[PDB]
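Survey of secondary and tertiary structure
Listed below, chain by chain, are the residues.
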Amino acid sequence: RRXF
Amino acid sequence: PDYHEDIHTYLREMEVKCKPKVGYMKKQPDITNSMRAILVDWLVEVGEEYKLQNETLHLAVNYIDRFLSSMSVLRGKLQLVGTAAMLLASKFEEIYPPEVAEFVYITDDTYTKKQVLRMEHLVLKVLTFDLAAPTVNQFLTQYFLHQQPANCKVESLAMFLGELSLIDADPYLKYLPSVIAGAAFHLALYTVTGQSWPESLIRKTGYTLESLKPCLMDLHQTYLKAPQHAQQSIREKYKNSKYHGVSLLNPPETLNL
Amino acid sequence: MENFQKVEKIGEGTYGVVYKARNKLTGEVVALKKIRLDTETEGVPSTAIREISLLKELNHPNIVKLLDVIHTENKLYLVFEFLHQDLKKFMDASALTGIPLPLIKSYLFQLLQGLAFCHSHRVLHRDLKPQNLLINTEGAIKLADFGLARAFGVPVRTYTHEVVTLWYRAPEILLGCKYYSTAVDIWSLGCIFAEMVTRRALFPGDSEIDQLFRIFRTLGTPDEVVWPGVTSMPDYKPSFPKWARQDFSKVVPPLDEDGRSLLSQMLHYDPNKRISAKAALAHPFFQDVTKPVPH
């Protein structure tokens, strides 16, 4: 996964 | 071992040179503790996913904090610094590390392979190649040799508490790893058996139960709040029978200090 | 890099071609090692990660000095102090006459001082052999090539399929133990010590299994009295021939009682009783050590  | 004392002394010398800045997060204009906690939590999953050693995880967290201690990093690049750190850590500690492609894969192609390779290079410049950092995991290993008898619920649970401390930079950034490890061992020992920080270890570390108190207080709070925390990767991990399920054990309600 | 001039290739190694080079401004002579930063592969290899970070903590007259590390876009250069040859080449150029005994004794003394310094700094060398020991013309010898060296702040897990040259491998590694200990460096060194004395590899085996039997033929098959736990070991087989310890004076003829006393303690089967590098430096064998120069 990407995250922010 | 004839060097086992020398190592301990030498590890205590090295932990002071590998210390990150105390309040680095607040001169960091775009990121925070809360997003550092999401990163580290993510790193625990990546370790589980690739069956990495616990040490690789402690190492990567040390690199990240030391790096963020002198470089401003935008939120969209935070994961890149973390993913480069986990690569270096694996290269340093793992027998065979995962390929860069796999590190690119876990991000969901959010960065390119070259971007990772250039970050690795950047992290190496900033840390000046100083990769051999002492970790809470290391001192725990040294402390375990002073237990009678060997009680592996205490070992698992002390590991577990030491991993939790990786997640929150406030407060754990202001303790040395030898102190957090002491605090974790006492707490785990106290919890399973009602026992206390042994005399053997006071003699070894020169750390009274009393000088552990500030850090032991924090770790008690953390332990008590653990089922409530935004991040849950570590509890997930320590439910495994491989860790005798210590994540499920009930924290004691008072320390009795 | 602009301040270095290459003089000649001085052989190949872990990270490829090694050059002798000279600093154009100070006059200093230096061995350059070049890593090619292939931006398509794996980045900096783990051999460089380990050698750089470990060698930077290790400062000792018997460990090669890492002088500098040079970074560019596409290249990483390592800059080491220059030593003109290794033990292996010295031993082939010394075959026939042999290496004089006072020089063996001096070299072993120096090597144990470097090893003691590594081990007390939580560093395992992991790959000691005549090729990885370098000498100058004044009679120094130095541990080199830290590409496999490991920090053992946490015990180091062994390779399932050892990559490292059969002949200097400790018995516990061959029987498939779970972790290395400092003991594995001592065993290598005991082997090198015998090789300098006899002019020949102590245990020249062909396969993991033949390596073990060559050790058992010279030292005798170990049993639970000698080595508490051998029979519990992963690669241990009850069908191992039961050879009886052969006579130590016939293994290393040219060595006095103190030589054989030390050498046999460096070859104890049990990693727990093998003499450490620190205790070996107090051995009576080194009571008359001096510092001769090689020819």
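Residues numbered from 1 in each chain as written, not as in the entry; some residues may be left out. Chains lettered and ligands numbered in written order. Heavy atoms only, no water. Residues with missing side-chain atoms left out of burial classes, pairs and counts.

For chain C, the name recorded in the PDB entry is CELL DIVISION PROTEIN KINASE 2, with Homo sapiens as its organism. As deposited in the PDB, this entry carries the title "Truncation and Optimisation of Peptide Inhibitors of CDK2, Cyclin A Through Structure Guided Design".

Named according to the PDB entry, chain B is CYCLIN-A2 originating from Homo sapiens. The record held by UniProt for chain B lists under Sequence similarities the comment "Belongs to the cyclin family. Cyclin AB subfamily." (UniProt positions renumbered as here; feature names shortened; annotations may be inferred.)

On to the interface of chain C and chain B, then. Residue-level contacts link 38 residues of chain C with 35 residues of chain B. Counting the surface lost from both chain C and chain B, the interface buries some 3,200 Å², and carbon and sulfur atoms represent 59% of this. Put simply, chain C and chain B have 3 salt bridges between them. Here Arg118(B) and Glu73(C) are joined by a salt bridge, their closest N and O atoms 2.4 Å apart. Taken together, chain C and chain B are joined by 15 residue pairs in polar contact. (Contact = heavy atoms within 4.5 Å. Buried area = accessible area lost by both parts, 1.4 Å probe. Salt bridge = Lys/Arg side-chain N within 4 Å of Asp/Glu carboxyl O. Polar contact = N/O pair within 3.5 Å; in protein donor to acceptor, adjacent residues only side chain to side chain.)

All names here are of chain C. Split into domains, chain C comes out as domain 1 (1–84) and domain 2 (85–295). Between the C-alpha centres of domain 1 and domain 2 the distance comes to 28 Å. On the side of domain 2, 23 residues touch domain 1, which itself brings 20 residues to the contact. By the criterion of area lost to domain 2, the three top residues of domain 1 are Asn62, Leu83 and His84, representing 32% of everything that side buries. Of the charged contacts in the structure, one is a salt bridge between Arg122 and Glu57, with a shortest N-O distance of 2.1 Å. Run the count over domain 1 and domain 2 and you get 8 residue pairs in polar contact. (Domains from an automatic or database assignment.)

Turning our attention to the pattern of salt bridges. Here the structure, examined in full by the defined rule, presents 25 salt bridges over all chains. The shortest N-O distance in the salt bridge between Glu120(B) and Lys91(B) comes to 2.5 Å. Highlighted residues: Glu120(B) in helix α6 (residues 113–126) and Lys91(B) in helix α4 (residues 75–93), separated in sequence by 29 residues. Note that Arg150(C) and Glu93(B) form a salt bridge whose closest N and O atoms lie 3.7 Å from each other. Of this pair, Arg150(C) sits in strand β10 (residues 150–151) while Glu93(B) sits in helix α4, which puts the two residues in different chains. (Helix = DSSP H or I, 4+ residues; strand = E, 2+ residues; numbered from the N terminus.)

A word on the packing of aromatic side chains. Applying the stated criterion across every chain, the model contains 21 aromatic pairs over all chains. Both rings, one in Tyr96(B) and one in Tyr159(C), keep their centres 5.8 Å apart while their planes meet at 80°; by these two values the pair is edge-to-face. Of this pair, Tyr96(B) sits in the loop between α4 and α5 (100–105) while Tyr159(C) sits in the loop between β10 and α4 (171–174), on two different chains. Plain terms: the ring middles of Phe144(B) and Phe185(B) are 5.9 Å apart, the flat faces sit at 45° to each other, and that makes the pair tilted. Of this pair, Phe144(B) sits in helix α7 (residues 136–144) while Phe185(B) sits in helix α10 (residues 177–193), placing them 41 residues apart in sequence. Pair check on accessibility: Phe144(B) and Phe185(B) agree, each one buried. (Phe/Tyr/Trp six-rings, centres within 6.5 Å; stacked < 30°, edge-to-face > 60°. Buried < 20%, exposed > 50% of the residue type's maximum accessible area, 1.4 Å probe, protein only.)

To continue, consider the environment of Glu42(C). In this fold, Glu42(C) is placed in the loop between β3 (29–36) and α1 (46–57). Sequence spacing of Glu42(C) and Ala244(C) is 202 residues, and the spatial spacing of their C-alpha atoms is 49 Å. Among residues more than four places away in sequence, those in contact with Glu42(C) are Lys91(B), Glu99(B), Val100(B), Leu117(B) and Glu120(B). Side-chain polar atoms of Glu42(C) contact the backbone nitrogen of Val100(B), separated by 3.0 Å.

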